[PDB]
Amino acid sequence: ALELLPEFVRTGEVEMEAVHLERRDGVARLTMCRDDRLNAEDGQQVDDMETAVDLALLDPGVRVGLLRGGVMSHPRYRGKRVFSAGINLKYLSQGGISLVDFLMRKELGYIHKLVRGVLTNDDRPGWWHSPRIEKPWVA
Amino acid sequence: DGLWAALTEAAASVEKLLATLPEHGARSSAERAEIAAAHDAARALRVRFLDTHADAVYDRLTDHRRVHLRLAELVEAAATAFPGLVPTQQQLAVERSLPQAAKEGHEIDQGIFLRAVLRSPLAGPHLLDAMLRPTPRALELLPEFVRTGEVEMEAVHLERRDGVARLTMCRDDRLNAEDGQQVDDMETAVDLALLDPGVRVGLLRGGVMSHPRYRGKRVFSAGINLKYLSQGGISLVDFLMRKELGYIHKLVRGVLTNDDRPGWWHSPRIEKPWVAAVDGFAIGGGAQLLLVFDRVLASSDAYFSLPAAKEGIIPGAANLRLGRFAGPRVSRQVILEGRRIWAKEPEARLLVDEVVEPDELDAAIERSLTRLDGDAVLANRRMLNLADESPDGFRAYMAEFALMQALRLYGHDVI
Ligand SMILES: CC(C)(COP(=O)(O)OP(=O)(O)OC[C@H]1O[C@@H](n2cnc3c(N)ncnc32)[C@H](O)[C@@H]1OP(=O)(O)O)[C@@H](O)C(=O)NCCC(=O)NCCNC(=O)Cc1cc(O)cc(O)c1
Ligand SMILES: CC(C)(COP(=O)(O)OP(=O)(O)OC[C@H]1O[C@@H](n2cnc3c(N)ncnc32)[C@H](O)[C@@H]1OP(=O)(O)O)[C@@H](O)C(=O)NCCC(=O)NCCNC(=O)Cc1cc(O)cc(O)c1
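Listed in order, the protein sequences are those of chains C and C'. A prime marks a further copy of an entry chain. Per the deposited numbering: the first sequence = residues 149 to 287. Per the deposited numbering: the second sequence = residues 12 to 426.
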């Protein structure tokens with residue numbers, strides 16, 4: 149996230165496997181876009197996701213976050229958006245859902261950030277009262 | 012009086028510019044304005060003549076309310092016995108060939124006729140009684156059905172089982188999109204269902220759909236086929252009227268049979284309770300029918316609407332019934348503003364009886380049919396309808412419909 153921050157601030161657009169971030173009118177719009185699989189979660193999405201949140205929080209140009217689902221390609225839902233079909237039942241049997249790298253990283257990672265924000269380094273005026281940068285989010 | 016010929020020269024002029032002028036689509040503007048003015052003076056006359064001579068005209072076509080004639084028959088008979096009053100077979104033919112966008116609107120005359128007919132306290136109850144009598148194609152396949160227990164027809168799939176005449180709307184292409192051929196398989200499914208002594212309760216549901224957007228899932232109905240509507244495939248008589256005076260009315264009062272079988276004195280009509288199950292959705296005529304069944308079931312993922320509001324036509328007999336189901340307030344939010352009630356929102360209980368998850372709808376449905384068996388239900392049903400909707404009520408409404416609808420057919424925006 150700190151890697152793609154500067155690029156994001158100047159660009160206003162970051163494209164990532166599962167999530168598609170984009171700043172607009174002060175909104176860090178995230179877009180769950182698994183145009184195959186109904187946004188079925190998996191420990192790689194949990195990565196694009198936690199990065200989408202961070203960037204969204206650290207971009208001074210963002211005031212409000214938005215989480216929605218992109219249009220789906222699959223036949224049962226072609227041309228229609230879908231929010232999420234939970235966890236990928238497949239990788240679950242196959243041994244692809246990490247207890248740590250996914251199940252835990254998920255609840256201690258991005259989901260927690262949506263509540264309390266990104267704990268930043270003592271750098272920028274205000275840290276004494278707000279060591280964490282939080283912002284309102286809309287789903 | 013001399014109203015007749017008056018009317019006649021009127022259809023005369025119209026017949027004239029019916030050739031002189033060029034195809035519809037290349038006229039101008041006193042070209043159009045002239046045919047248009049003509050028609051008006053003609054239709055205007057068609058009305059005045061009937062307001063004072065309908066019963067006569069009707070009496071001559073039916074040997075004084077002595078011969079029951081169905082809609083098609085009656086309008087045809089009318090055509091050859093009173094040229095100018097209503098289109099002839101062929102005349103319509105020319106019409107149906109063109110697309111609903113370029114027709115001269117000859118149906119409107121049938122609309123003016125059928126109206127005056129139902130407006131009479133003599134002819135109307137008779138044209139009605141006549142549309143309640145078993146449909147030939149139905150008396151044709153009756154014996155075969157009774158021995159078989161299965162009739163396969165283009166749009167509908169009938170089947171008797173455990174005393175249930177299960178009908179199954181199966182347009183495995185087009186979401187059961189209604190069309191004047193379905194309205195045929197439908198009215199036959201009902202008749203057979205009613206006349207089969209082995210049937211006690213009817214069931215109307217939607218078969219599984221083949222189309223990609225819905226492959227492997229059932230769908231109740233997507234209303235009327237918007238396509239054939241523009242193309243000129245929706246008959247004012249053979250479909251829009253036949254529909255509300257044909258099967259939909261039978262689901263309420265039953266099949267008017269012949270004096271044959273003991274009991275006719277107290278029950279000249281055989282009626283039975285019917286149960287409708289909704290899968291996916293009930294849009295249009297699909298929804299309209301739910302206002303006539305004894306029990307409506309729907310999966311929680313469903314919704315209903317008639318959302319022809321800003322451009323479409325009149326949603327059948329909904330304007331007549333939706334009132335008694337959900338008040339004048341909702342009634343208008345639905346039909347006037349085009350709103351739709353979702354199966355699960357509280358207000359869905361004004362239309363549906365039970366709402367369950369699709370993976371238990373089957374049992375909800377079965378356990379449903381067994382509850383309307385007794386002859387106690389036949390009586391209570393029958394009285395309840397006598398109260399909800401009465402003979403005069405339906406007649407008066409269907410009268411104005413006959414015309415109103417006609418005009419709504421050949422109206423720029425609907426086209
Ligand atoms: C959503 C559905 C009902 C859709 O039904 P349909 O309209 O019948 O579509 P389908 O044909 O079944 O699926 C469309 C399409 O998406 C794919 N799809 C749908 N759901 C999934 C999931 N969950 N994973 C992967 N792919 C999926 C499906 O495989 C199809 O592609 P194909 O298999 O090639 O045909 C169905 O897909 C389904 O039942 N999915 C099961 C949903 C499910 O149970 N998810 C389980 C959720 N359980 C958790 O999230 C657990 C969890 C998650 C966490 O994030 C954290 C945590 O602590 C715990
Ligand atoms: C139901 C829908 C919302 C479904 O959306 P989707 O999931 O987006 O499916 P679609 O891809 O649009 O359609 C699936 C499939 O069914 C076909 N379909 C769907 N609806 C129809 C209708 N109404 N007719 C014909 N074919 C239809 C559709 O053309 C598709 O096949 P393709 O065209 O080849 O793709 C859509 O099909 C739709 O909007 N239909 C419009 C429904 C409608 O407005 N019906 C109008 C109802 N108006 C009346 O019933 C008026 C009426 C009827 C009467 O019976 C009596 C009377 O007095 C008055």
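Heads up, the beta-carbon is just placed ideally off N, CA and C, and yes, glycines get one too.
Quick one: which chain C residues come within Cβ less than 8 Å of residue i?
{"i": "C':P136", "result": "Neighbours of C':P136 on chain C: none; closest Cβ ~50 Å, over 8 Å."}
If you check the beta carbons only, do residue i and residue j fall under 7 Å apart?
{"i": "C:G191", "j": "C:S246", "result": "yes"}
{"i": "C':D290", "j": "C':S310", "result": "yes"}
{"i": "C':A104", "j": "C':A53", "result": "no"}
{"i": "C':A23", "j": "C':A65", "result": "no"}
{"i": "C':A417", "j": "C':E84", "result": "no"}
{"i": "C':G297", "j": "C':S232", "result": "yes"}
{"i": "C':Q111", "j": "C':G327", "result": "no"}
{"i": "C:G218", "j": "C:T159", "result": "no"}
{"i": "C':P284", "j": "C':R392", "result": "yes"}
{"i": "C':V210", "j": "C':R177", "result": "no"}
{"i": "C':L331", "j": "C':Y408", "result": "yes"}
{"i": "C':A141", "j": "C':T199", "result": "no"}
{"i": "C:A287", "j": "C:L215", "result": "yes"}
{"i": "C':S379", "j": "C':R264", "result": "no"}
{"i": "C':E322", "j": "C':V425", "result": "yes"}
{"i": "C':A313", "j": "C':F292", "result": "yes"}
{"i": "C':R419", "j": "C':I352", "result": "no"}
{"i": "C:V162", "j": "C:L169", "result": "yes"}
{"i": "C':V97", "j": "C':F60", "result": "no"}
{"i": "C':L29", "j": "C':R38", "result": "no"}
{"i": "C':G36", "j": "C':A113", "result": "yes"}
{"i": "C':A375", "j": "C':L333", "result": "no"}
{"i": "C':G135", "j": "C':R360", "result": "no"}
{"i": "C':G95", "j": "C':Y421", "result": "no"}
{"i": "C':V367", "j": "C':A354", "result": "no"}
{"i": "C':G338", "j": "C':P318", "result": "no"}
Could you tell me how far apart the beta carbons of residue i and residue j are, in whole angstroms, since I believe they sit closer than 8 Å?
{"i": "C:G234", "j": "C:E189", "result": "7 Å"}
{"i": "C':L72", "j": "C':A89", "result": "6 Å"}
{"i": "C':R280", "j": "C':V266", "result": "6 Å"}
{"i": "C':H137", "j": "C':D184", "result": "39 Å between Cβ atoms; not a contact."}
{"i": "C:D207", "j": "C:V167", "result": "That belief does not hold up - the Cβ atoms of C:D207 and C:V167 are roughly 15 Å apart, past 8 Å."}
{"i": "C':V201", "j": "C':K261", "result": "5 Å"}
{"i": "C':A17", "j": "C':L56", "result": "6 Å"}
{"i": "C':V248", "j": "C':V86", "result": "6 Å"}
{"i": "C':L414", "j": "C':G122", "result": "4 Å"}
{"i": "C':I259", "j": "C':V303", "result": "6 Å"}
I want to verify the contact list: residues of chain C' whose CB lies under 7 Å from the CB of residue i, in sequence order.
{"i": "C:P223", "result": "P223"}
*Mind listing, in chain order, the residues whose beta carbon lies closer than 6 Å to a non-hydrogen atom of ligand 1?*
The filter returns C:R185, C:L186, C:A188, C:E189, C:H222, C:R224, C:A233, C:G234, C:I235, C:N236, C:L237, C:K238, C:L251 and C:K254, in chain order.
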